[PDB]
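> Give the three-dimensional model of this entry:
(2 chains, ligands or ions: 2)
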Amino acid sequence: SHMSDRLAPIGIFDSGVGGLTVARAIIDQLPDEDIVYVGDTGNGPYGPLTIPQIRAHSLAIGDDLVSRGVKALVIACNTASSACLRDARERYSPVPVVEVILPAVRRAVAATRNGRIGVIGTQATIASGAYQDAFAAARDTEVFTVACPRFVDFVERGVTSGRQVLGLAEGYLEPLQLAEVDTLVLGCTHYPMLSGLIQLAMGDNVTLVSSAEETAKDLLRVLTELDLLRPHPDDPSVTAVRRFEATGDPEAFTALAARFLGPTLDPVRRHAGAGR
Amino acid sequence: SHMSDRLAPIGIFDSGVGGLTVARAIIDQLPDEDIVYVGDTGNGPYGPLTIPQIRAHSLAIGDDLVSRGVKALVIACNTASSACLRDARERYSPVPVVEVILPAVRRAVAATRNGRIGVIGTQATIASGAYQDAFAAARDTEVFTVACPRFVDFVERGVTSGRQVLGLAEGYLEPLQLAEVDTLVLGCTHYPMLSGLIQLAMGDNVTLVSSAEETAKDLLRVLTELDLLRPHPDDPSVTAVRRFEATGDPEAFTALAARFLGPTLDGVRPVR
Ligand SMILES: N[C@H](CCC(=O)O)C(=O)O
Ligand SMILES: N[C@H](CCC(=O)O)C(=O)O
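Residues are numbered from 1 along each chain as shown, chains lettered A, B, ... in the order given. Ligands and ions are numbered 1, 2, ... in the order given. See below for the structure:
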């Protein structure tokens, strides 16, 4: 029924742990929604892969989530979305698909002043033509794209300021500076963690657009116009059920998740057993 | 000459728990930095108070953090910032002061297409004239300001979508819609939690500017320029020391902090 639709969880999937930037932004906007997040740590990263390989891995997860019963499917990974942008809507219909490319593209079109827009992302994302095709539907805009393959490594290791990563960013970004873009889509789950460094390299006249923020807001809009929001609980002891799944080692998932989740705030020892 | 130790922590303070949006954004950008966060839950909220009241509460905490040796001071609270924007830098010099009004103001000036910019925030923030003063250098710019006092309540109770809060937002935001602003400064710690609802109310053309995000990037720039970044540890078992203090009830602080920090590793346990 439509009521049972409102009660289903939101499915989110990503190539791995970086998609938690999208999950965290969604939870910020939609605290009442139940969440199932799947990170494909056992088969990623997707960045360096071919389109057939990316589709095989990511559509297996999306098919599974939809088979399990989600009210909406969020493709949090820019690389996975780039590989199935043209067919995921029909593949999962009538389940709404919210993904990370189009909300940022739409925002960037509205946000540019000079009509010259840059996109950065993984190799597979940029090579796929997905952003290029999406921006083709925008009058009076020109798009320029750059792949930044080493950014994911730097983010996961926690090196997101200082001279070394600035030099790396400068090398990648120079063609966008030469093209005089005034808007830059952060087309990768990991790049919100580099926004300060990228802003330093691009200067103050370049508007950065976060995939996580625009997708989180887009999901709220989509659920609102479909009347699919989970009703706010009257009992304040009721809180959302959020489940996190890894296809690789869960301990490695946990260790890397601290890069993307909020900090833990700053514990008696006891021997556990059934003998007392 | 003065002591400015890159190994010392960054001090962040706020009227309460809402400033964790700023602390979270800073930590996103600067994972290696030690942090001391103070939220004035024992004396806030600041929104409905007078300027002498806001200054007395917030400068007490700022003075404490600086006396404790922080290498940089972040005023995460838009209301506190509005009350001491004119004198905080001089008061704490030579300790760098980064706050939440100026970086978003500079961004909004760059971001507008039609030159019409809105600002929303607490009563005290909007009445202070601080944003009007910050925008005084903006040419070919018209600025419109609106106070949204009940937004803080709705954010803290987690009511940030649906018909009731949309109607609240429309009542506040109508003067900005009539002014046809195309850029909107979220001039309050709590308002990033309403960005989806506010974007709905304002339409898809309006660029929202987050104070937390622009201030986090500005701190990275400032620490970089001053050669003040704490170095990346070579042993990755070494992690940043982060302390979070409240002037009010500490259990109440911990409970409300979840609204702004999101799920954390204390509770997340992944399955295979
Ligand atoms: N999640 C991927 C980044 C990591 C990967 O290459 O798998 C993306 O957003 O493009
Ligand atoms: N921290 C305040 C919001 C809460 C309060 O009124 O104290 C601000 O940013 O304006």
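> Spell out which parts of the stretch 51-200 of chain A neighbour ligand 1.
A:77-79, A:121-122, A:125, A:152, A:188-190 (CB under 6 Å from any ligand atom). Every C-beta, even on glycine, is put in place using the N, C-alpha and C of the backbone.
> Could you list which of the residues you listed belong to helices?
Members of these lying in helices (criterion: DSSP state H): A:78-79, A:125, A:152.
> Now neighbour count and distance to residue A:237 too, for those residues, in a markdown table please.
Output for these, formatted as a markdown table (neighbours: other CB atoms under 10 Å in any protein chain shown; distance: CB to CB, whole Å):
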| residue | neighbour count | distance to residue A:237 |
| --- | --- | --- |
| A:78 | 38 | 37 |
| A:79 | 32 | 40 |
| A:125 | 29 | 42 |
| A:152 | 24 | 40 |
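> In CSV, list the residues you listed along with distance to residue A:85.
Converted to CSV, those look like this (distance: CB to CB, whole Å):
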residue, distance to residue A:85
A:78, 10
A:79, 11
A:125, 10
A:152, 20
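> show me what contacts residue A:68?
Going by CB atoms under 8 Å, 6 or more residues apart in numbering or on different chains, residue A:68 touches A:11, A:36.
> Quick check: closest non-adjacent residue to the residue in the stretch 51-200 of chain A positioned nearest to chain B.
Across the stretch 51-200 of chain A, the shortest distance to chain B (CB to the nearest CB) belongs to residue A:196, at 3.5 Å. For residue A:196, ignoring the flanking residues on the chain, the nearest one in space by CB to CB, 6 or more residues apart in numbering or on different chains is residue B:220 at 3.5 Å.
> List, one by one, the residues from the stretch 51-200 of chain A near ligand 2.
Checking the stretch 51-200 of chain A against ligand 2 by CB under 6 Å from any ligand atom, there are no hits.
> quick one, helices of the stretch 51-200 of chain A?
Applying DSSP state H, counting those that start in this stretch to the stretch 51-200 of chain A gives helices spanning A:51-68, A:78-84, A:88-92, A:102-111, A:123-127, A:130-136, A:151-157, A:163-178, A:195-202.
> Can I get stretch A:229-244 in CSV, CA atoms only?
What follows is stretch A:229-244, C-alpha atoms only, in CSV (Å, rounded to 0.1, in the frame of the first residue of the first chain):
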residue,chain,number,x,y,z
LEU,A,229,8.5,10.6,3.9
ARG,A,230,8.5,8.5,7.0
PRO,A,231,6.2,10.2,9.5
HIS,A,232,7.9,11.9,12.4
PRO,A,233,7.5,9.7,15.5
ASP,A,234,5.4,11.2,18.3
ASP,A,235,7.4,9.1,20.8
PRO,A,236,10.9,10.7,21.1
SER,A,237,12.4,7.4,22.2
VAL,A,238,11.8,6.1,18.6
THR,A,239,14.8,6.6,16.3
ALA,A,240,15.7,5.5,12.8
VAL,A,241,17.1,2.0,12.1
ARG,A,242,20.4,2.4,10.1
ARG,A,243,22.2,-0.7,8.9
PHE,A,244,25.7,-0.7,7.3
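> In it, which of the residues would be classed as buried?
A:229-230, A:232, A:240, A:242, A:244 (16 or more other CB atoms under 10 Å in any protein chain shown).
> ok, the residue nearest to the spatial centre of chain A - contacts?
Taking CA atoms, centre = their mean, the centroid of chain A lies closest to residue A:76, which sits 3.5 Å from it. Counting by CB under 8 Å, 6+ apart, residue A:76 touches A:12-14, A:19, A:21-23, A:100, A:189, A:212, A:215.
> Please tell me which one of those residues counts the most neighbours.
Highest neighbour count within the contacts of residue A:76: residue A:100, with 35 neighbours (other CB atoms under 10 Å in any protein chain shown).
> ok, that one touching residue A:75?
Yes - assessed by CB atoms under 8 Å, residue A:100 is found in contact with residue A:75 at 6.6 Å.
> what would the contacts of residue A:76 look like in TSV with secondary structure?
Shown next, in TSV, are the contacts of residue A:76 (DSSP: H, G, I helix; E, B strand; the rest coil):
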residue	secondary structure
A:12	strand
A:13	strand
A:14	strand
A:19	coil
A:21	helix
A:22	helix
A:23	helix
A:100	coil
A:189	coil
A:212	helix
A:215	helix
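> any idea whether whatever residue of chain A ends up closest to ligand 2 is helix, strand or coil?
In chain A, the residue that lies nearest ligand 2 is residue A:28 (16.2 Å; CB to the nearest ligand atom). Applying three-state DSSP to residue A:28 yields a three-state assignment of helix.
> Just to check, it is in contact with residue A:216?
Yes - when contacts are counted by CB under 8 Å, residue A:28 is listed as touching residue A:216 (6.5 Å).
> how does chain A divide into domains?
Residue ranges for the domains of chain A, per curated CATH domains: A:1-99+A:212-276, A:100-211.
> Pick the most deeply packed of those domains.
Each of the domains of chain A was scored by mean neighbour count; the highest is domain A:100-211, a mean of 20, by mean count of other CB atoms under 10 Å in any protein chain shown.
> so how far is that domain from its chain's centroid?
Distance of domain A:100-211 from the chain centroid (CA atoms, centre = their mean, to the nearest Å) equals 14 Å.
> First-to-last residue distance for it?
6 Å (CA to CA, to the nearest Å).
> do stretch A:95-110 as well
Across stretch A:95-110, the terminal residues are separated by 28 Å (CA to CA).
> one step back: could you save the buried residues of stretch A:229-244 as TSV and add columns showing secondary structure?
Formatted as TSV, the buried residues of stretch A:229-244 follow (three-state DSSP):
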residue	secondary structure
A:229	coil
A:230	coil
A:232	coil
A:240	coil
A:242	strand
A:244	strand
